[PDB]
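Trainee: I am attaching a structure below and will ask some questions about it afterwards.
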Amino acid sequence: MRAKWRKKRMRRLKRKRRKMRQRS
Amino acid sequence: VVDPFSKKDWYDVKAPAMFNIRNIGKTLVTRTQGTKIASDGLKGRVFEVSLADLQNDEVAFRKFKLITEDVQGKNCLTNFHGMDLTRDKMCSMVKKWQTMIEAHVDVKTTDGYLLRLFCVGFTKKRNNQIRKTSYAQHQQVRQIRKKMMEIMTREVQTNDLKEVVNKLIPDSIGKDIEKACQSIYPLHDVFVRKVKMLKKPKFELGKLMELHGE
Amino acid sequence: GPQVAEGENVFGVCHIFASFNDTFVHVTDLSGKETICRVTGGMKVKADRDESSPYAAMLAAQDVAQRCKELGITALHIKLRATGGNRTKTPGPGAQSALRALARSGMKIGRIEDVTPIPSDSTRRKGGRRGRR
Amino acid sequence: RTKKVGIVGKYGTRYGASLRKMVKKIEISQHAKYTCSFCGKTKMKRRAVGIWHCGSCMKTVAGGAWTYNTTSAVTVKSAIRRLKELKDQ
Amino acid sequence: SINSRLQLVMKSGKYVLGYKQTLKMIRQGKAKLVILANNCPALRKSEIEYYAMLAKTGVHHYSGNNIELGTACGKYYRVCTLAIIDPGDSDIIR
Amino acid sequence: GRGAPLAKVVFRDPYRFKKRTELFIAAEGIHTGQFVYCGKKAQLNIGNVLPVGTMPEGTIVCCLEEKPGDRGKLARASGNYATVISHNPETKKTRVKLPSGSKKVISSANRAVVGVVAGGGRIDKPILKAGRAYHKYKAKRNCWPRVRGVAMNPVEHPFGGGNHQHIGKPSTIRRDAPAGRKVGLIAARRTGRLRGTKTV
Amino acid sequence: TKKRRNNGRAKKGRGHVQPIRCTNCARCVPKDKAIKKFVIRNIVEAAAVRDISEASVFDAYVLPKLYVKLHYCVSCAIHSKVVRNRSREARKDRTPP
RNA sequence: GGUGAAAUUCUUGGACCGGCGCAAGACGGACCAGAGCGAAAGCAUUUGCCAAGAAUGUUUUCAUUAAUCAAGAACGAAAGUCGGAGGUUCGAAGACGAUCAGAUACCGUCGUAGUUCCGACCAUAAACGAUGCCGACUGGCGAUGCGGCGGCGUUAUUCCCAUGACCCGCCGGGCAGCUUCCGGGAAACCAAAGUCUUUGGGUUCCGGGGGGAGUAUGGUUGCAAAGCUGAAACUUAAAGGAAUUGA
Ligand SMILES: [Zn+2]
Ligand SMILES: [Zn+2]
């Protein structure tokens with residue numbers, strides 16, 4: 001994990017999490 | 001197959017007869033052939049003629065450009081239209097740790113020629129001076145620039161294109177500005193950076209013939 | 001050619017546009033409105049690689065000298081240009097060799113100028129700003 | 001009374017939020033009263049599209065569709081003045 | 001600096017604001033300077049200049065409009081025509 | 001039916017005692033009580049009518065004549081204008097940029113009004129309503145409620161019919177197609193989303 | 001730690017510097033931080049000047065010079081061999097001779 | 001035209017070139033630097049106008065009116081969003097051409113959004129002096145800006161003072177090196193990163209082994225992307241800083 005692209009992956013895991021809660 | 005060096009003819013260029021060398025060069029031009037005009041085609045041409053070959057004992061870093069006005073048979077006439085000091089001189093007198101002052105002004109002469117004059121000044125470090133920098137304050141630069149504004153207006157507005165070009169040939173305006181500015185700050189490299197026109201009156205054969213025959 | 005005495009010289013202006021890819025030597029009358037010739041390093045060599053090499057520039061310069069000697073023009077002033085504008089202010093390698101041949105061929109060369117376009121500040125410069133190759 | 005809807009509260013939910021937001025800016029400018037440059041009174045209303053009237057000095061001016069002065073008009077007027085001055089001097 | 005001189009006429013001098021009062025002052029010789037806004041009606045501007053020519057008094061054309069001339073007089077209303085009766089300051093020059 | 005406001009201008013007849021009334025396209029900025037000037041010696045002001053030959057380059061014009069002697073044919077819609085590019089005094093021709101971006105060589109004796117047409121920005125506001133669209137075209141012509149050919153039957157449109165709502169054939173049609181066949185995209189040089197600016 | 005007190009560039013006072021493209025790899029680098037040198041090279045190589053001179057018409061009055069500005073960023077400054085790495089007391093130096 | 005070397009591509013309907021003009025919208029090179037101004041982000045063509053400010057000077061004025069600061073507020077590189085003006089040059093996304101086993105990239109040519117101005121959002125960066133503000137003390141040497149003071153002389157306005165400009169200093173406010181066994185520090189290095197166990201001038205923000213984790217959840221802002229506030233369970237004996245000699 002490079003610092004920035006770990007941050008990008010965490011953001012993209014967060015965006016997927018938000019859509020799951022929205023549909024539920 | 002056909003070489004275009006025969007379908008054209010050469011004319012000799014003559015500047016106004018107020019310089020030292022009238023002959024400048026021979027410029028080829030196409031024949032009329034019943035469609036185009038060689039006189040109108042040669043009109044609007046501009047030959048750049050420095051003072052090195054325009055005179056014989058003048059500076060070699062002042063370029064004079066001349067606009068054609070009329071054609072007399074095999075002859076081609078010209079007229080001063082603008083000037084610019086060489087950029088190889090330009091880059092050489094600008095150095096480090098010094099100050100430059102510009103001033104641009106538009107002045108119209110009585111003949112109807114609108115002229116935009118640029119003047120350039122540089123602060124002079126004295127012989128004994130030892131300080132690394134020689135800056136002039138914003139307040140001194142503004143009044144120095146105003147001085148070049150007023151001096152150039154006086155020396156151009158009241159003089160014709162005849163007189164103004166005769167004044168710029170020895171660069172007397174650049175020396176006058178430097179000496180007058182020695183009161184506030186003596187200056188070392190002072191000349192006129194550029195002179196360009198903006199408008200012209202109606203072209204007249206009488207004026208051009210008078211200039212070329214005087 | 002013009003009808004002039006042997007004691008005088010046929011004068012004209014010459015521009016040497018120098019770049020790192022292809023040098024350009026071009027000769028016209030004083031004003032430049034009428035045109036005498038143009039030779040470059042491109043027409044010299046089959047490969048586009050050596051358009052900027054000195055050897056092709058000398059062969060191109062000899063092309064200027066012989067074809068302009070045929071017309072009847074001998075004396076030429078020089079005005080130098082780099083790529084100019086935004087690109088480098090430094091003339092490329094194809095300037096020394098081309099000027100060497102046009103001096104060895106016997107043509108007269110007098111005043112020298114630099115009329116490279118030097119902006120107060122031109123617009124944004126191609127490339128972008130990051131990474132190389 | 002409202003948080004953000006302003007003048008487009010008359011449309012309720014009946015169109016998109018973005019369409020109501022775009023028309024909000026235009027409807028404020030098309031119904032505003034501007035200061036008259038001729039008499040100085042703030043009575044320059046809009047009669048129809050492109051027509052602006054002052055109810056004090058009774059002056060009618062051709063203007064913009066929703067605003068009194070379009071940016072294209074100001075630039076053109078300033079440019080024509082420059083071109084006219086260059087012709088004269 | 002015309003606005004600073006006008007400010008000192010308001011504190012110390014005498015003046016009339018508005019078009020009807022200046023015409024009265026011109027026709028009875030009490031007007032020393034007359035100031036017109038730039039958006040004054042053309043007919044009214046010409047009439048005041050004619051009244052001032054007959055009464056031999058000066059007309060100054062203020063740079064701004066009636067909204068800005070009134071603000072220059074310290075007032076919260078528009079002023080289009082004003083006449084100075086007594087300067088009290090150095091506005092006599094022009 | 002016309003977004004651009006119109007100006008009623010009264011002139012004075014030079015041959016008999018009578019005042020003439022003209023209906024101009026109102027250049028943006030003109031006002032009631034203003035004096036407009038028409039001629040070759042008219043000054044360069046917004047609202048004046050001048051030949052394009054006497055106009056300098058870069059001048060913004062509206063209600064431009066396509067051919068000399070017309071009464072204004074180009075740049076007449078609201079917020080539209082044409083630009084003078086260059087003149088050719090030898091041939092008495094002038095190049096003008098039209099509001100579509102096209103470039104046209106016209107005679108220099110063509111006249112035009114200095115400025116832009118009033119009422120610009122009209123297309124910026126969304127119509128927002130079927131009713132507002134209805135009122136817009138009630139003043140123009142009977143064209144507004146547009147049924148789709150795919151929603152029609154094959155007897156009234158080439159795109160009608162089918163058990164699904166589909167065109168069934170390429171919608172790009174040739175220029176020489178008959179009248180009842182020239183539907184869809186007539187002589188399309190390309191289709192789809194544009195990437196840049198397309199011009200001839 | 002700080003390898004360089006200067007932090008590589010010459011900018012200690014101001015906040016920003018306009019970038020200049022590298023000659024060898026075409027990479028943007030701040031001007032003050034890049035290795036910038038003035039190169040004067042004769043148009044013709046010193047050994048090769050004579051061949052041109054012999055064929056030259058001019059009475060030894062023409063000596064054209066090619067002057068080209070040089071800009072290398074630091075990643076390829078080394079490859080060029082310019083700016084070879086210095087010793088621990090070495091860094092604190094200047095022009096070189 | 002361009003590459004280490006090659007090309008896509010513009011090209012006998014005349015590109016490139018040189019000369020004369022016109023239009024477009026950006027940006028102000030060499031001057032311009034351990035120099036100035038602003039609370040910061042920032043600020044460079046000439047000119048006019050508006051309002052403001054530091055330092056200085058003062059035998060003027062109020063006479064404690066005093067500084068960072070919970071809560072609360074305003075401005076805030078660049079990028080991004082909405083909206084309206086034209087796209088000159090550059091240039092995400094994207095496309096095309098080379099280079100290799102692959103090249104989703106570096107190189108070249110275009111190129112939308114963007115890069116421009118205007119109104120409202122967005123509040124982030126290595127917003128780094130990786131270095132809070134107010135206050136006292138605490139070596140020196142050669143310089144720069146401002147203002148004030150003294151002067152042998154040189155020089156221009158000139159014909160006197162005077163006004164400019166150079167040189168020598170002094171005083172107060174600064175941006176600053178450079179040396180230095182002041183000193184402190186783990187050292188690298190620093191007159192503050194000193195006066196610190198011989199520990200107290202005032203006070204705000206902020207850290208408490210490494211991860212989990214700037215995550216979950218709640219709240220709030222945003223058109224979205226996301227921003228602000230922000231855990232616990234569980235898991236690890238090291239992660240780290242500086243410096244020593246080799247490679
Ligand atoms: Zn009114
Ligand atoms: Zn590099």
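Simple scheme: letters A, B, ... for chains in structure tokens order, numbers from 1 for residues in each chain, numbers from 1 for ligands in the order shown.
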Might you pull out every residue within 10 Å of region 72-77 of chain D, with only C-alpha atoms (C1' of nucleotides) counted and same-chain residues fewer than 4 positions away left off, and present them as number ranges by chain?

Mentor: D: 63-64, 81-83; F: 27-29, 45-46, 58-61, 79-80, 114-118, 120-121; H: 85

Trainee: Residues within 7 Å of ligand 1 should be enumerated using only C-alpha atoms (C1' of nucleotides) and all ligand atoms and returned as a CSV table (one decimal) with N, CA, C and O atoms, in the first residue's frame.

Mentor:
chain,number,residue,atom,x,y,z
D,36,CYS,N,-33.2,53.4,-13.7
D,36,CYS,CA,-33.2,54.0,-15.1
D,36,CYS,C,-32.0,54.9,-15.2
D,36,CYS,O,-31.7,55.7,-14.3
D,37,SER,N,-31.2,54.7,-16.3
D,37,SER,CA,-30.1,55.5,-16.6
D,37,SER,C,-30.4,56.9,-17.1
D,37,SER,O,-29.6,57.8,-17.1
D,38,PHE,N,-31.7,57.1,-17.4
D,38,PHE,CA,-32.1,58.4,-18.0
D,38,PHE,C,-32.7,59.3,-16.9
D,38,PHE,O,-32.3,60.5,-16.9
D,39,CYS,N,-33.5,58.9,-16.0
D,39,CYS,CA,-34.1,59.7,-15.0
D,39,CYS,C,-33.5,59.4,-13.6
D,39,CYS,O,-33.7,60.2,-12.7
D,40,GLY,N,-32.8,58.2,-13.4
D,40,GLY,CA,-32.3,57.9,-12.1
D,40,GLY,C,-33.2,57.2,-11.2
D,40,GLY,O,-32.7,56.8,-10.1
D,41,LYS,N,-34.4,56.9,-11.6
D,41,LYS,CA,-35.4,56.3,-10.7
D,41,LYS,C,-35.5,54.8,-11.0
D,41,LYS,O,-35.4,54.4,-12.1
D,43,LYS,N,-37.3,52.3,-11.6
D,43,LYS,CA,-38.6,51.9,-12.1
D,43,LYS,C,-38.5,51.2,-13.5
D,43,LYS,O,-39.5,51.1,-14.2
D,44,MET,N,-37.3,50.6,-13.9
D,44,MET,CA,-37.2,50.0,-15.2
D,44,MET,C,-37.6,48.6,-15.1
D,44,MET,O,-36.9,47.7,-14.8
D,54,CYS,N,-39.6,52.3,-18.5
D,54,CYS,CA,-39.5,53.1,-17.2
D,54,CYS,C,-40.9,53.8,-17.0
D,54,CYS,O,-41.4,54.5,-17.9
D,55,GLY,N,-41.5,53.6,-15.8
D,55,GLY,CA,-42.8,54.1,-15.6
D,55,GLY,C,-42.8,55.6,-15.1
D,55,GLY,O,-43.8,56.1,-14.7
D,56,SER,N,-41.6,56.2,-15.0
D,56,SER,CA,-41.6,57.6,-14.6
D,56,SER,C,-41.3,58.5,-15.8
D,56,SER,O,-42.0,59.5,-16.0
D,57,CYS,N,-40.2,58.3,-16.6
D,57,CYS,CA,-39.9,59.1,-17.7
D,57,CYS,C,-40.5,58.5,-19.0
D,57,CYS,O,-40.3,59.1,-20.1
D,58,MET,N,-41.2,57.4,-18.9
D,58,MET,CA,-41.8,56.7,-20.1
D,58,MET,C,-40.9,56.4,-21.2
D,58,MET,O,-41.2,56.7,-22.4
D,59,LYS,N,-39.7,55.9,-20.9
D,59,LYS,CA,-38.7,55.5,-21.9
D,59,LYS,C,-38.7,54.0,-22.1
D,59,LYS,O,-38.7,53.3,-21.1

Trainee: Do a neighbour search on residue 49 (chain G) at 12 Å with only C-alpha atoms (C1' of nucleotides), toss out local chain neighbours closer than 2 positions, and write the hits as a PDB file with N, CA, C and O atoms, in the first residue's frame.

Mentor:
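The resulting file, part38.pdb, is reproduced below:
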ATOM      1  N   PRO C  54      25.198  18.060 -39.637  1.00  0.00           N
ATOM      2  CA  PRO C  54      26.003  19.061 -40.355  1.00  0.00           C
ATOM      3  C   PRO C  54      26.247  18.731 -41.818  1.00  0.00           C
ATOM      4  O   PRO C  54      26.165  19.628 -42.664  1.00  0.00           O
ATOM      5  N   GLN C  96      26.176  25.998 -38.029  1.00  0.00           N
ATOM      6  CA  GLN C  96      27.605  26.187 -38.255  1.00  0.00           C
ATOM      7  C   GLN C  96      28.030  25.614 -39.601  1.00  0.00           C
ATOM      8  O   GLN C  96      28.729  26.274 -40.377  1.00  0.00           O
ATOM      9  N   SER C  97      27.614  24.380 -39.893  1.00  0.00           N
ATOM     10  CA  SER C  97      28.040  23.721 -41.125  1.00  0.00           C
ATOM     11  C   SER C  97      27.474  24.414 -42.358  1.00  0.00           C
ATOM     12  O   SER C  97      28.186  24.600 -43.351  1.00  0.00           O
ATOM     13  N   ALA C  98      26.194  24.791 -42.317  1.00  0.00           N
ATOM     14  CA  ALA C  98      25.591  25.471 -43.459  1.00  0.00           C
ATOM     15  C   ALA C  98      26.270  26.808 -43.719  1.00  0.00           C
ATOM     16  O   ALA C  98      26.500  27.185 -44.874  1.00  0.00           O
ATOM     17  N   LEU C  99      26.598  27.543 -42.655  1.00  0.00           N
ATOM     18  CA  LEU C  99      27.290  28.813 -42.828  1.00  0.00           C
ATOM     19  C   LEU C  99      28.750  28.619 -43.222  1.00  0.00           C
ATOM     20  O   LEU C  99      29.344  29.509 -43.841  1.00  0.00           O
ATOM     21  N   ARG C 100      29.348  27.477 -42.870  1.00  0.00           N
ATOM     22  CA  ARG C 100      30.716  27.199 -43.296  1.00  0.00           C
ATOM     23  C   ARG C 100      30.800  27.029 -44.809  1.00  0.00           C
ATOM     24  O   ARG C 100      31.698  27.577 -45.458  1.00  0.00           O
ATOM     25  N   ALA C 101      29.875  26.259 -45.386  1.00  0.00           N
ATOM     26  CA  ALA C 101      29.912  26.019 -46.826  1.00  0.00           C
ATOM     27  C   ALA C 101      29.618  27.292 -47.608  1.00  0.00           C
ATOM     28  O   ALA C 101      30.303  27.595 -48.592  1.00  0.00           O
ATOM     29  N   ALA C 103      30.354  30.093 -46.809  1.00  0.00           N
ATOM     30  CA  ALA C 103      31.546  30.931 -46.746  1.00  0.00           C
ATOM     31  C   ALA C 103      32.657  30.376 -47.632  1.00  0.00           C
ATOM     32  O   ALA C 103      33.398  31.142 -48.260  1.00  0.00           O
ATOM     33  N   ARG C 104      32.789  29.048 -47.694  1.00  0.00           N
ATOM     34  CA  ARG C 104      33.824  28.432 -48.517  1.00  0.00           C
ATOM     35  C   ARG C 104      33.529  28.536 -50.005  1.00  0.00           C
ATOM     36  O   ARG C 104      34.469  28.577 -50.807  1.00  0.00           O
TER      37      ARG C 104
ATOM     38  N   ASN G  42      30.795  26.305 -31.260  1.00  0.00           N
ATOM     39  CA  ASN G  42      31.026  26.853 -32.568  1.00  0.00           C
ATOM     40  C   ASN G  42      30.096  26.127 -33.541  1.00  0.00           C
ATOM     41  O   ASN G  42      29.770  24.958 -33.330  1.00  0.00           O
ATOM     42  N   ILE G  43      29.669  26.800 -34.594  1.00  0.00           N
ATOM     43  CA  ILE G  43      28.773  26.182 -35.570  1.00  0.00           C
ATOM     44  C   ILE G  43      29.446  24.957 -36.186  1.00  0.00           C
ATOM     45  O   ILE G  43      28.815  23.956 -36.515  1.00  0.00           O
ATOM     46  N   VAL G  44      30.739  25.086 -36.344  1.00  0.00           N
ATOM     47  CA  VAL G  44      31.570  24.079 -36.944  1.00  0.00           C
ATOM     48  C   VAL G  44      32.632  23.564 -35.968  1.00  0.00           C
ATOM     49  O   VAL G  44      33.307  24.341 -35.299  1.00  0.00           O
ATOM     50  N   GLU G  45      32.807  22.247 -35.932  1.00  0.00           N
ATOM     51  CA  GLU G  45      33.741  21.620 -34.999  1.00  0.00           C
ATOM     52  C   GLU G  45      35.167  22.090 -35.264  1.00  0.00           C
ATOM     53  O   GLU G  45      35.565  22.278 -36.414  1.00  0.00           O
ATOM     54  N   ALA G  46      35.926  22.294 -34.192  1.00  0.00           N
ATOM     55  CA  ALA G  46      37.237  22.918 -34.295  1.00  0.00           C
ATOM     56  C   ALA G  46      38.140  22.176 -35.281  1.00  0.00           C
ATOM     57  O   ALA G  46      38.856  22.804 -36.057  1.00  0.00           O
ATOM     58  N   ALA G  47      38.098  20.859 -35.280  1.00  0.00           N
ATOM     59  CA  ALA G  47      38.869  20.093 -36.250  1.00  0.00           C
ATOM     60  C   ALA G  47      38.301  20.281 -37.677  1.00  0.00           C
ATOM     61  O   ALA G  47      39.043  20.406 -38.651  1.00  0.00           O
ATOM     62  N   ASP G  51      38.240  22.630 -42.939  1.00  0.00           N
ATOM     63  CA  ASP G  51      37.731  22.181 -44.244  1.00  0.00           C
ATOM     64  C   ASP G  51      36.761  23.206 -44.841  1.00  0.00           C
ATOM     65  O   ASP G  51      36.808  23.503 -46.032  1.00  0.00           O
ATOM     66  N   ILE G  52      35.913  23.776 -43.993  1.00  0.00           N
ATOM     67  CA  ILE G  52      34.990  24.824 -44.430  1.00  0.00           C
ATOM     68  C   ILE G  52      35.724  26.129 -44.759  1.00  0.00           C
ATOM     69  O   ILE G  52      35.409  26.807 -45.734  1.00  0.00           O
ATOM     70  N   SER G  53      36.718  26.457 -43.935  1.00  0.00           N
ATOM     71  CA  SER G  53      37.522  27.668 -44.119  1.00  0.00           C
ATOM     72  C   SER G  53      38.249  27.687 -45.463  1.00  0.00           C
ATOM     73  O   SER G  53      38.336  28.717 -46.119  1.00  0.00           O
ATOM     74  N   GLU G  54      38.766  26.531 -45.867  1.00  0.00           N
ATOM     75  CA  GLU G  54      39.486  26.425 -47.137  1.00  0.00           C
ATOM     76  C   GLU G  54      38.563  26.735 -48.318  1.00  0.00           C
ATOM     77  O   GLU G  54      38.959  27.387 -49.285  1.00  0.00           O
ATOM     78  N   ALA G  55      37.327  26.251 -48.232  1.00  0.00           N
ATOM     79  CA  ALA G  55      36.333  26.500 -49.275  1.00  0.00           C
ATOM     80  C   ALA G  55      35.650  27.872 -49.110  1.00  0.00           C
ATOM     81  O   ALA G  55      34.911  28.320 -49.987  1.00  0.00           O
ATOM     82  N   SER G  56      35.883  28.535 -47.977  1.00  0.00           N
ATOM     83  CA  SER G  56      35.255  29.826 -47.703  1.00  0.00           C
ATOM     84  C   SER G  56      35.786  30.976 -48.581  1.00  0.00           C
ATOM     85  O   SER G  56      36.987  31.198 -48.711  1.00  0.00           O
ATOM     86  N   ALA G  60      38.448  35.676 -44.106  1.00  0.00           N
ATOM     87  CA  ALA G  60      38.528  35.344 -42.676  1.00  0.00           C
ATOM     88  C   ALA G  60      37.726  36.308 -41.785  1.00  0.00           C
ATOM     89  O   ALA G  60      38.156  36.662 -40.688  1.00  0.00           O
ATOM     90  N   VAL G  62      34.276  35.601 -41.139  1.00  0.00           N
ATOM     91  CA  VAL G  62      33.067  34.969 -40.629  1.00  0.00           C
ATOM     92  C   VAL G  62      33.373  33.847 -39.633  1.00  0.00           C
ATOM     93  O   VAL G  62      34.055  32.868 -39.932  1.00  0.00           O
ATOM     94  N   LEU G  63      32.870  34.051 -38.418  1.00  0.00           N
ATOM     95  CA  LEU G  63      32.999  33.080 -37.337  1.00  0.00           C
ATOM     96  C   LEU G  63      31.668  32.924 -36.597  1.00  0.00           C
ATOM     97  O   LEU G  63      31.540  33.388 -35.467  1.00  0.00           O
ATOM     98  N   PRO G  64      30.640  32.322 -37.209  1.00  0.00           N
ATOM     99  CA  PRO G  64      29.351  32.150 -36.530  1.00  0.00           C
ATOM    100  C   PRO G  64      29.447  31.267 -35.284  1.00  0.00           C
ATOM    101  O   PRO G  64      30.139  30.247 -35.273  1.00  0.00           O
ATOM    102  N   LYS G  65      28.739  31.645 -34.238  1.00  0.00           N
ATOM    103  CA  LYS G  65      28.723  30.852 -33.020  1.00  0.00           C
ATOM    104  C   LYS G  65      27.312  30.392 -32.689  1.00  0.00           C
ATOM    105  O   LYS G  65      26.348  31.142 -32.847  1.00  0.00           O
TER     106      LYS G  65
END

Trainee: Residues of chain H that have any atom at most 8 Å from an atom of chain F: could you tabulate them with the shortest-distance atom pair and the distance in Å to one decimal, using only C-alpha atoms (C1' of nucleotides), ordered by chain and increasing number, as a Markdown table?

Mentor:
| residue | atom | partner | partner_atom | distance |
| --- | --- | --- | --- | --- |
| H:22 | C1' | F:57 | CA | 6.9 |
| H:23 | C1' | F:58 | CA | 6.7 |
| H:111 | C1' | F:196 | CA | 7.6 |
| H:112 | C1' | F:195 | CA | 5.8 |

Trainee: Looking only at strand (DSSP E) from DSSP on the backbone, list the matching residues of region 41-96 of chain C as a ChimeraX atom specification.

Mentor: /C:75-81

Trainee: Write down as a PyMOL selection string the residues of chain C whose backbone DSSP state falls under alpha helix (DSSP H).

Mentor: chain C and resi 54-71+96-104

Trainee: Got a sec to check which residues lie within 6 Å of ligand 2, using only C-alpha atoms (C1' of nucleotides) and all ligand atoms, and send them as a ChimeraX atom specification?

Mentor: /G:22,24-25,27,72-73,75-76

Trainee: Write out the residues from the selection above, keeping C-alpha atoms, as a PDB file, in the first residue's frame.

Mentor:
ATOM      1  CA  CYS G  22      13.912  19.284 -19.517  1.00  0.00           C
ATOM      2  CA  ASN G  24      16.956  15.194 -22.389  1.00  0.00           C
ATOM      3  CA  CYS G  25      13.607  13.774 -21.218  1.00  0.00           C
ATOM      4  CA  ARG G  27       9.974  16.575 -17.917  1.00  0.00           C
ATOM      5  CA  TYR G  72      18.287  19.435 -17.333  1.00  0.00           C
ATOM      6  CA  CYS G  73      16.190  18.338 -14.415  1.00  0.00           C
ATOM      7  CA  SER G  75      16.828  12.676 -12.709  1.00  0.00           C
ATOM      8  CA  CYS G  76      18.669  12.897 -16.052  1.00  0.00           C
TER       9      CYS G  76
END

Trainee: I need the residue nearest residue 127 (chain C) from this list: H:90, H:205, H:127, H:188. Use only C-alpha atoms (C1' of nucleotides) for the distance.

Mentor: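 Checking each of H:90, H:205, H:127, H:188 against residue 127 (chain C), counting only C-alpha atoms (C1' of nucleotides), the winner is H:90.
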
Trainee: Using only C-alpha atoms, find the residues of chain B whose closest atom to chain C is at most 7 Å away, then write them as JSON, numbers by chain.

Mentor: {"B": [10, 25, 27, 28, 29, 45, 46, 47, 48, 87, 88]}

Trainee: Could you list, as number ranges by chain, the residues of chain G having an atom within 12 Å of chain H when counting only C-alpha atoms (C1' of nucleotides)?

Mentor: G: 1-7, 9-16, 24-27

Trainee: Restricted to N, CA and C atoms, what would the selected residues look like written as a compact mmCIF listing (two decimals), in the first residue's frame?

Mentor:
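Final file, again-v7.txt:
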# COMPACT_ATOMS: atom_id res chain seq x y z
N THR G 1 15.53 13.69 7.53
CA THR G 1 16.47 14.83 7.70
C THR G 1 16.60 15.65 6.41
N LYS G 2 17.25 16.80 6.48
CA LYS G 2 17.41 17.61 5.28
C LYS G 2 18.77 17.35 4.66
N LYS G 3 18.78 16.74 3.49
CA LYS G 3 20.02 16.51 2.78
C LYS G 3 20.62 17.85 2.36
N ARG G 4 19.73 18.74 1.92
CA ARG G 4 20.12 20.08 1.49
C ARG G 4 19.43 21.17 2.31
N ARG G 5 20.19 22.13 2.81
CA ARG G 5 19.63 23.27 3.54
C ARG G 5 18.68 24.05 2.61
N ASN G 6 19.11 24.17 1.35
CA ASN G 6 18.36 24.86 0.29
C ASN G 6 17.11 24.09 -0.15
N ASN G 7 17.08 22.80 0.16
CA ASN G 7 16.02 21.90 -0.31
C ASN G 7 15.99 21.84 -1.85
N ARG G 9 16.16 23.64 -4.54
CA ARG G 9 15.93 24.84 -5.33
C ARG G 9 16.47 26.10 -4.66
N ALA G 10 16.51 27.17 -5.44
CA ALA G 10 17.00 28.47 -4.97
C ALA G 10 15.87 29.32 -4.38
N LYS G 11 14.64 28.80 -4.38
CA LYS G 11 13.52 29.59 -3.87
C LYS G 11 13.30 29.42 -2.36
N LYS G 12 13.71 30.43 -1.60
CA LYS G 12 13.47 30.43 -0.17
C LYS G 12 12.46 31.53 0.21
N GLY G 13 12.45 32.62 -0.56
CA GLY G 13 11.54 33.72 -0.29
C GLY G 13 10.10 33.55 -0.79
N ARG G 14 9.95 33.40 -2.11
CA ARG G 14 8.63 33.26 -2.77
C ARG G 14 8.01 31.86 -2.70
N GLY G 15 6.69 31.81 -2.91
CA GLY G 15 5.94 30.56 -2.87
C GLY G 15 5.90 29.71 -4.17
N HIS G 16 5.99 30.30 -5.37
CA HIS G 16 5.88 29.49 -6.60
C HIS G 16 6.86 29.90 -7.74
N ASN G 24 16.78 16.64 -22.16
CA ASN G 24 16.96 15.19 -22.39
C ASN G 24 15.67 14.34 -22.25
N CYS G 25 14.82 14.60 -21.26
CA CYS G 25 13.61 13.77 -21.22
C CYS G 25 12.26 14.48 -21.34
N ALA G 26 12.26 15.80 -21.46
CA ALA G 26 10.99 16.53 -21.64
C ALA G 26 10.09 16.47 -20.38
N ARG G 27 10.71 16.59 -19.20
CA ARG G 27 9.97 16.58 -17.92
C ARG G 27 9.96 17.96 -17.27

Trainee: Based on only C-alpha atoms, which of the residues in chain D come within 10 Å of chain F? I want them as JSON, numbers by chain.

Mentor: {"D": [11, 14, 15, 16, 19, 20, 22, 23, 24, 25, 26, 27, 48, 49, 50, 51, 52, 53, 58, 59, 60, 61, 62, 63, 64, 65, 66, 67, 68, 69, 70, 71, 72, 73, 74, 76, 77, 79, 80, 81, 83, 84, 85, 86, 87]}

Trainee: For the atom pair CA of residue 75 (chain B) and CA of residue 12 (chain B), what is the interatomic distance in Å to one decimal place?

Mentor: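 For CA of residue 75 (chain B) relative to CA of residue 12 (chain B), the distance reads 5.3 Å.
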
Trainee: Check which residues of chain H sit at most 10 Å from chain A using only C-alpha atoms (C1' of nucleotides), and return one row each with the closest pair of atoms and their distance in Å to one decimal, ordered by chain and rising number, as a Markdown table.

Mentor:
| residue | atom | partner | partner_atom | distance |
| --- | --- | --- | --- | --- |
| H:215 | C1' | A:10 | CA | 8.8 |
| H:225 | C1' | A:15 | CA | 10.0 |
| H:226 | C1' | A:11 | CA | 9.4 |

Trainee: Would you mind reading off the distance between CA of residue 189 (chain B) and CA of residue 169 (chain B), one decimal, in Å?

Mentor: 16.9 Å
